[PDB]
């Protein structure tokens, strides 16, 4: 219908190989932060059949047992037997970690007052918020994440014991335009692909995915006779995890954020401490966007920020309200200037970014969940 459009977002499960890497990178970050709140961490993870490799740079006073940290993260995910394609007990864990470059350290944080630390890199970052859900996230991505979480729940509780940890989901919603804001109308298409054991047949899987997964997550009001279902569309997914597809940290950046809505500056979150603005400034930009929506200044908003390595203040700040505010971009920028300080050395304090809660962010999206500091709106003064 006129004034409507489709939008699609995807999500992946905890055992998707890229997501395994994000979770391991953040388990390593958390392990360091538990002993050294000021650890400098830049931990990439790579996963392929039988292998977890850590590559990157860490300067920290912590004593971390990488073998134990990696294996415990893989155990949590559920890869605990060679029949599943990967086993935390018996996989190879390889470590290629060096200190942070002294050239970066001297230009970013050495001999600097914490509030005045430089950005750990240049880059651009965006924050986004939409009033279409209470949590201020797009419905497409929320539903896609919840479908993966449901698969993991039914795997872990033994309801569907043929499930394995690697999964992907995709949701297409038809939206109505509403003066710049968007209103979900119906779910147009759902995709679910999930790794499974050798014994279960396709019909049993398709029936369970519709009845026990989709119906348990997606409100019936969004589903109708025209909704298209692609359930196990490849027909067979026994080989999975890193054995089926090499994974890397920071290869699910759109799943981690807004499912394609808003915008993205390209930076990966996992495996990085607060001085890496790819993460901290994106979290702060989400916090600003959500504060503008919860504060009633707009219904839908996009915030861009950018930095130069070694420089504390952002180089640029931009706000686009999609036509959903009575205030101009200039007025919203002035409100943001009066209420937020987007230097990394201040974001760390406001968002408590030395706390070891990062592994919890590394599956099911970094935003719209669990009342993390960047999800608690700031009361705005103007």
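We call the rigid core whatever largest set of C-alpha positions still superposes within 1.5 Å between the two forms. Numbering follows the first chain given and starts at 1.
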Stretch with greater C-alpha deviation in 7 other deposited structures of this protein, 351-359 versus 327-335 (rigid core superposition): 327-335
Comparing 333-341 with 37-45, where is the mean C-alpha B-factor higher? 333-341
When the C-alpha temperature factors are averaged for each of 220-228 and 206-214, which stretch ends up with the higher value in the entry? 220-228
By the CA temperature factor listed in this entry, which of these ranks top: 250, 138, 161, 247? 161
Per the PDB entry, which option out of 183, 194, 305, 173 has the greatest Cα B factor? 183
Ranking every modelled residue in this chain by its Cα temperature factor as given in the entry, which third contains residue 262? lowest
On the chain's distribution of Cα B-factors, residue 361 falls within the third called middle
Lowest, middle or highest third: where is residue 15 by C-alpha B factor in its chain? middle
Can you tell me whether residue 273 has a C-alpha B-factor in the lowest, middle or highest third compared with the other modelled residues of the same chain? lowest
Chain thirds by Cα B factor, record data; residue 55 belongs to the middle
